[PDB]
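Okay, structure first, notes after.
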Amino acid sequence: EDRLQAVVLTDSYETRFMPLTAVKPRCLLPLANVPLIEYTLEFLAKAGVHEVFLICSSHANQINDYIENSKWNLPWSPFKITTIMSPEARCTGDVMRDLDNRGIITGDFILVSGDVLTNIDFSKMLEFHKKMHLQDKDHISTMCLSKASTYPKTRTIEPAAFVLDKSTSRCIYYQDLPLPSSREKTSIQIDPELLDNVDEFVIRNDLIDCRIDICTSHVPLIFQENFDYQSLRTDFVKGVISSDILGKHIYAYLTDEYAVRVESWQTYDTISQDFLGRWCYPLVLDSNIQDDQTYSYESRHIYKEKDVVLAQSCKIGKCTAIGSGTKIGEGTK
Amino acid sequence: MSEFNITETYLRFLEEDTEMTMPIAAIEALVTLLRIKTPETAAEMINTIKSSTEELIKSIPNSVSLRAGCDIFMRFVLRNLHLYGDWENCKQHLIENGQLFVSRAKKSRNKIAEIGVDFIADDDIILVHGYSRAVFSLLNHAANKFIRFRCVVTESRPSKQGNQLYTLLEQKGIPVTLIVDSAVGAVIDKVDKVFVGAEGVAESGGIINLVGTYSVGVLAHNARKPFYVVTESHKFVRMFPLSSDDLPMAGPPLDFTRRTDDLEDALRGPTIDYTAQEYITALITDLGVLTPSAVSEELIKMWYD
């Protein structure tokens, strides 16, 4: 039951942020004035984990200088924090075979890839996982996904078809899908041979990925032999459900509220405005958590710390945020 | 050998500094009275200081701040007369207490600001009325805090005091206008907070300062804007009126006599009004922020027997 392990695997999206990201990693960039590691870390500490494993594929020294100067290498942190040094630019997946060669992980653990920002109570995700355990001895994992039903077409890089069960929400199949800029590529295929004993399924596009996968320790041993996999979902969750290994079913969870993951600036802007607005209750900005800021909250979504010098005859509109010690001037907007 | 009555001690050091006000000048004169004239007997000391307070009130009657200072001096010599040192040490003990007001009440005005800066929040248009220098002692530290606000200063007809603020905090660097005193009702719909300063606090919480603070108070109530008053702790006075009319200046507030040839006609109505306890909502002293029923208790406890 308890003694939750965990592993965060950042540093796979350096293609996305290329004018930046070559002097400090993607995971060390300030989303709202503070570098977004803790937007994962405070979440999965509220999930109640006991160890994490930061894969740092690039700029490994300016990971661990921040980590040792964090609040997590102090002897009351709810998890102990460990890193994994790395040769540069490994594809994902093979980090788990390197883990199995090292052999640390026993039990259920979080496959948090990328850098997430969410409000979901992970506690109620445990009983979905344990109901999967009790009602199936052929399980693989659970995949929590958001319900962004009011917008397709604007979750930029990969649109996906998370086709899954009606009743049990078992993930039936998966397929990558093209972009709205491309009018050309118009087909997907779901071959019905594995569709024999399902009789009820749903195929949706409105589920955004967030790469928060919690599983059992059997599936890295499953992943050990089949050494052909280089992604986490374009190859694996297709190549584990497509009648390849028999008696290994993967499940996927759907929440009802906000749970999102960084893709690019056309997602970074949207999640910055959702977090900086009150669309992310209770994981909000004015609570002054991370590096003991002094944010106050007026109406119209204004965030100001102490020692802010707002000059005369300035106007500050909706949904802004200003750090300490700044100085604006006359006539600014 | 001075006699401490009118100007042989009192009015001299009023020309030393135009920053000290009337009641602490009265406190300084009354402590330097018995700091020297202490003829080794507890009887004539109190007779001397009571005679001195009554002749000093007899000097200028229409400056009721003087009555506040000259009566809290009596409260000082009463409580320092208490603890019952058999007068053997109190000839030295009372005078070595002594100058603790001019070391205490002189530096009270920044202690006002240290608790009153956290009232004027960001972008508050402020209405002040009359040259109440404790309000400027708050506003000076407010502008030194680098907080963003705006100020509006009324006229002070006929007592001229409204022209002083616009030549006081303009050169500090605050955007400020000078409204005329009759134009309050057309602007107090827009003014966020309104400050005044008292020349006295009655036994229920009252503003006994100037010509029309009752008018700006009742405008503040029927605009439902908060009506604060910055003062300090040497401004308590026993005088508790019941009307909007205090002790007279020289006659009633409604004259109906005849101008002889060309005498002055502006100052013919009253010049010191009164505000009831309903219109004020919080007052600032050395004793913290202070609701008017708390100032009623504070002036009800140290004046009974």
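Restricting to segment A:115-141, what's the tally of residues that are in contact with a helix residue (DSSP H, G or I) (Cβ under 6 Å, 6 or more places away or on another chain), under 27 Å from A:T267 (Cβ atoms) and of a type in the set (A, V, I, L, M)?
Adding up the residues that qualify gives 2.
In this structure, is B:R79 of a type in the set (K, R) and either in contact with a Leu (Cβ under 8 Å, 6 or more places away or on another chain) or surrounded by 20 or more Cβ atoms within 10 Å (Cβ to Cβ) (or both)?
When the stated conditions are applied, B:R79 does not pass them.
Given the options A:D176, A:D213, A:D274, name the one that is buried (at least 18 other Cβ atoms within 10 Å of the Cβ), of a type in the set (D, E, K, R) and in contact with a strand residue (DSSP E or B) (Cβ under 9 Å, 6 or more places away or on another chain).
Among A:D176, A:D213, A:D274, only A:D213 is buried (at least 18 other Cβ atoms within 10 Å of the Cβ), of a type in the set (D, E, K, R) and in contact with a strand residue (DSSP E or B) (Cβ under 9 Å, 6 or more places away or on another chain).
Kindly list, by first and then second residue, each pair from a residue in segment B:126-150 that is more than 14 Å from chain A (Cβ to nearest Cβ) and under 27 Å from A:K304 (Cα atoms) to a residue that is in a helix (DSSP H, G or I) and among the basic types (K, R), limited to pairs with Cβ atoms under 9 Å and residues at least 6 apart or on different chains.
B:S137/B:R109; B:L138/B:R109
One line per residue, one yes/no per condition, for (1) within 22 Å of the chain's Cα centre (by Cα); (2) within 14 Å of chain B (Cβ to nearest Cβ):
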site: A:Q224; (1), (2): no, no
site: A:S242; (1), (2): no, no
site: A:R261; (1), (2): yes, no
site: A:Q266; (1), (2): yes, no
site: A:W279; (1), (2): yes, no
site: A:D292; (1), (2): no, no
site: A:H301; (1), (2): no, no
site: A:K315; (1), (2): no, yes
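From the list A:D256, A:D286, A:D269, A:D292, pick out the single residue that is surrounded by fewer than 14 Cβ atoms within 10 Å (Cβ to Cβ) and touching a residue at least 12 places away in the same chain (Cβ under 8 Å).
After ruling out the rest, the residue left standing is A:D256.
Restricting attention to segment A:317-333, and to residues there that are within 13 Å of chain B (Cβ to nearest Cβ) and without any contact (Cβ under 8 Å) to a residue 24 or more places away in the chain, which single residue is farthest from B:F146 (Cα to Cα)?
The selected residue is A:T332.
Picking from A:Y13, A:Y39, which residue would you name as being of a type in the set (F, W, Y) and in contact with a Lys or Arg (Cβ under 6 Å, 6 or more places away or on another chain)?
Answer to the selection: A:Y13.
Name every residue in segment B:99-125 that is part of a helix (DSSP H, G or I) and either within 14 Å of another protein chain (Cβ to nearest Cβ) or not charged (D, E, K, R) (or both), in order of residue number.
B:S108, B:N110, B:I112, B:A113, B:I115, B:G116
Of all residues being touching a strand residue (DSSP E or B) at 6+ places or on another chain (Cβ under 9 Å) and part of a loop (DSSP other than H, G, I, E, B) in segment B:128-146, which is surrounded by the most Cβ atoms within 10 Å (Cβ to Cβ)? Just the residue, please.
B:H129
If you scan segment A:70-88, which residues turn out to be hydrophobic (A, V, I, L, M, F, W, C) and without any contact (Cβ under 8 Å) to a residue 60 or more places away in the chain?
Answer for segment A:70-88, where residues must be hydrophobic (A, V, I, L, M, F, W, C) and without any contact (Cβ under 8 Å) to a residue 60 or more places away in the chain: A:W72, A:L74, A:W76, A:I81, A:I84, A:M85.
Would you confirm whether any residue within segment B:264-272 is surrounded by fewer than 17 Cβ atoms within 10 Å (Cβ to Cβ), of a type in the set (S, T, Y) and part of a loop (DSSP other than H, G, I, E, B)?
Among the residues of segment B:264-272, at least one is surrounded by fewer than 17 Cβ atoms within 10 Å (Cβ to Cβ), of a type in the set (S, T, Y) and part of a loop (DSSP other than H, G, I, E, B), which makes the answer yes.
Within the bounds of segment B:23-34, is there any residue that is within 18 Å of the chain's Cα centre (by Cα) and surrounded by fewer than 19 Cβ atoms within 10 Å (Cβ to Cβ)?
no
For segment B:102-122, which residues satisfy the criterion of being within 30 Å of B:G185 (Cα to Cα) and without any contact (Cβ under 8 Å) to a residue 60 or more places away in the chain?
B:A113, B:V117, B:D118, B:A121, B:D122, listed by residue number.
Being under 30 Å from A:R211 (Cα atoms), loosely packed, with under 14 Cβ neighbours inside 10 Å and of a type in the set (D, E, K, R), is that true of even one residue in segment A:297-315?
There is no residue in segment A:297-315 that is under 30 Å from A:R211 (Cα atoms), loosely packed, with under 14 Cβ neighbours inside 10 Å and of a type in the set (D, E, K, R).
Show me the strands (runs of 3 or more DSSP E) entirely contained within segment B:160-255 in which 3 or more residues are touching a residue at least 40 places away in the same chain (Cβ under 8 Å) and buried (at least 19 other Cβ atoms within 10 Å of the Cβ).
Correct list: B:193-196, B:227-230.
Just to confirm my filter: which strands (runs of 3 or more DSSP E) fall fully inside segment A:76-121 and include at least 1 residues that are surrounded by fewer than 18 Cβ atoms within 10 Å (Cβ to Cβ)?
Result: A:80-85.
Where a number appears in this text, it was derived from the coordinates with a stated rule and is not lab data. Positions of Cβ are backbone-derived with ideal geometry, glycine not excepted, and every protein chain shown enters the neighbour counts.
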